[PDB]
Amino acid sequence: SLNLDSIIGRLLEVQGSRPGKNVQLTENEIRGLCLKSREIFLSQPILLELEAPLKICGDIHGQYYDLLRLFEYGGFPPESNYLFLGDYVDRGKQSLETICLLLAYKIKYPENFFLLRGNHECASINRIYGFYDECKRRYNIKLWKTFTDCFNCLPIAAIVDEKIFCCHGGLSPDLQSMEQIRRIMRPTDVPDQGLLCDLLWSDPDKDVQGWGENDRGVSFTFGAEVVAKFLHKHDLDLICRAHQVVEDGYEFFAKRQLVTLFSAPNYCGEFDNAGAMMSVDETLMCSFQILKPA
């Protein structure tokens, strides 16, 4: 039947504890989270149409205790609406607790809480970068495959009040109309090339004019004038993206026409970066809240 409130309560019990303390749900509880959230994802559009006010977060990458701190600053649900831009698993020590809390909040408040797909919500990536190993050690392989079946149904992009375009990676040279996003059928894997790939993998680059090759070996880079023509063609004010670690937790691009959000401080036990969360009120007036390392 899925005791959501008991799951959420145990996930929050370690709030304020020796950072790194595990929450070991049962296998059936986690599978219930995956099966229920998967239903909700498929029942909602692959291109979300959201409305302010809300708070937007970037990569978490298994830093569960930093995620709990974000909620302390911005208000635990349902006090605030939330949109996460992807990359919940891999790299960090506690991907499981991270993704379970987010899925539980998705099930609990399916209209005030939203999760986008990042490039790490993909079996071929998170098999390698930590999530699979965490599943093997703490549960079993079959649970990882259940997570994959859920990740394959995550929405890809969101538009907030018809003026803010949100995705994990960035723009595609194959993105002519938002209909190409709505057309993608779920469940799906992330292809090695094309629109869905670029939406999860591409980066902005100040030294590129049109489209350049991406250092990652996947997808493309895009320049400041690609942003302008996109925003103008689709009557938008801002592109909100993640996917890239940034010193301040946020970083503007192309005269504040694009912003990069990263929410995991001291990423990979390195960098000494900070994390940021972007608050949007109902007027579409936007601000940043900074999460410094701890």
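Definition used throughout: the rigid core is the maximal C-alpha set that superposes within 1.5 Å between two forms. A residue's number is simply how far along the shown sequence it sits, counting from 1.
When the other structures are laid on the shown form by the rigid core, the stretch among 235-243 and 262-270 with the greater C-alpha deviation in 6 other deposited structures of this protein turns out to be 262-270. Here 173-181 and 212-220 are compared by their mean Cα B-factor, and 173-181 comes out higher. Taking the PDB entry as given, 74-82 carries the higher mean Cα B factor of the two stretches 74-82 and 192-200. Highest C-alpha temperature factor among 67, 226, 40, 245, as the PDB entry reports it: 226. In the PDB entry, the Cα temperature factor peaks, among 55, 61, 241, 36, at 55. Per-chain ranking of the deposited C-alpha B factor places residue 22 in the middle third. In the deposited entry, the Cα temperature factor of residue 159 sits in the top third of values across the chain's modelled residues. Per-chain ranking of the deposited C-alpha B factor places residue 205 in the middle third. Among all modelled residues in this chain, the alpha-carbon of residue 44 has a temperature factor (C-alpha) in the middle third. In the PDB entry, a CA B factor belonging to the middle third of its chain's modelled residues is recorded for residue 260.
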